[PDB]
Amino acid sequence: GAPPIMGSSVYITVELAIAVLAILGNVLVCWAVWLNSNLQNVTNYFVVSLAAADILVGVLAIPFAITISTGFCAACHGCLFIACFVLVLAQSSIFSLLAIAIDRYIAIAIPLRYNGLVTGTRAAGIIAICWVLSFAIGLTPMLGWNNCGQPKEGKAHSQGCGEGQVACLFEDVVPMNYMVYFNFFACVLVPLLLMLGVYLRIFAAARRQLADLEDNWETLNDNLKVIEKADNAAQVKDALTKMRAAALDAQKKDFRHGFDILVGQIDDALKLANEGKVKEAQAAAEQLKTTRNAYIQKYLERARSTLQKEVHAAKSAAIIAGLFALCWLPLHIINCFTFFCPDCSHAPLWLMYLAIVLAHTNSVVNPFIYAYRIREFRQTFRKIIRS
């Protein structure tokens, strides 16, 4: 039995290293949003709330985790707060991650009414509510769902704890049925699965809208060939009627003028077609190629460019949520083994603290994702560092 302070010194040193990196990186995130007006959107307000939770992981949760690893004597409910405050920060992260996913879905599903629905004032109120809910969820053991009424008195006596005190150890005070059923299943796993469902809807809507743009572009060019290879005025009319409906469908200053010309030129050729003037209608329909090459094609490429940027932004948000799941799932899975398999030997000490360190590492990764995937963050990061 090697001296416990040796393994403890390694765990504590790693925790402190994580705390420094979590504070430095996420302070840089909040500083960037504060300085850059181009970063001051509703999505990044939840990014700031998420960064604030990770700053608090380094300032409070990691010092709390170091303290509870010692098993020091404490009043049980005070021990509960040390043990459960990190659950508040994790729950706040979940609410921020879910809000970001919903915000990205609203922006791609109904972009016409996004600015009227998703505002900064409403976002700040949602953030405040979610922080209150995170305290209620994370500190639910302090409301009575704890093991303080049944303290391990032999462990407390062996450590010389005073009357009314317990050896402050996580699994001694926090019930595992709370950790598995309430915290993990209901409050972590279900919202993460909801996020997965939201992101599936986002990318499916992106693929559908990109296909609709390509369908309107092909229908525009196909019916142009139909008019050229037509023989009577009726065939020209059928092709022009489908072009006009598709032109107004794709329409949903330089953008409006381009479609004003297109629909007007379609109406010109339609009127000639209704008069039986096939040659004159085809010549008028050939003028549509000038409007297509000078206006319509530019709108197709810009609308495609906008959707691809929304896909890129939605993937950046999905990576953050996936990394949260990857960093926290091992610790939750270990709790499931402890809870559901009492015949299984408890996960060893080194693995417990590896899972704890890994969960804390998640408070370091998000500033790197923003730097590698978001040019506006990366450029603002460089300006802050150089200055």
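Think of the rigid core as the biggest set of C-alphas that the two forms share within 1.5 Å after superposition. When you see a residue number, it is the position in the sequence shown, counting from 1.
In a rigid core superposition of the other structures in 8 other deposited structures of this protein, 358 to 366 and 343 to 351 differ in how far their CA atoms stray, and the farther one is 343 to 351. In the other compared entries of this protein that model both flanking residues, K253 lacks coordinates in at least a third of them. Unmodelled stretch separating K252 from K253: 10 or more residues (count of deposited-sequence residues without coordinates). Between the stretches 301 to 309 and 254 to 262, it is 254 to 262 that shows the larger average CA temperature factor. Per the PDB record, of the two stretches 326 to 334 and 349 to 357, 349 to 357 carries the greater mean B-factor over its C-alpha atoms. The residue among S134, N232, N183, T140 whose C-alpha carries the highest B-factor in the deposited model is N232. Within the listed group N223, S96, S316, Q165, the record reports its top CA B-factor for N223. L213: CA B factor in the highest third of modelled residues in this chain (values from the PDB entry). Ranked within its chain, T290 lands in the highest third, by CA B factor from the PDB record. Among all modelled residues in its chain, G78 ranks in the middle third by Cα B-factor.
The PDB entry assigns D103 a C-alpha temperature factor belonging to the middle third of its chain's modelled residues. Sorting the modelled residues of the chain by their CA temperature factor places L248 in the highest third.
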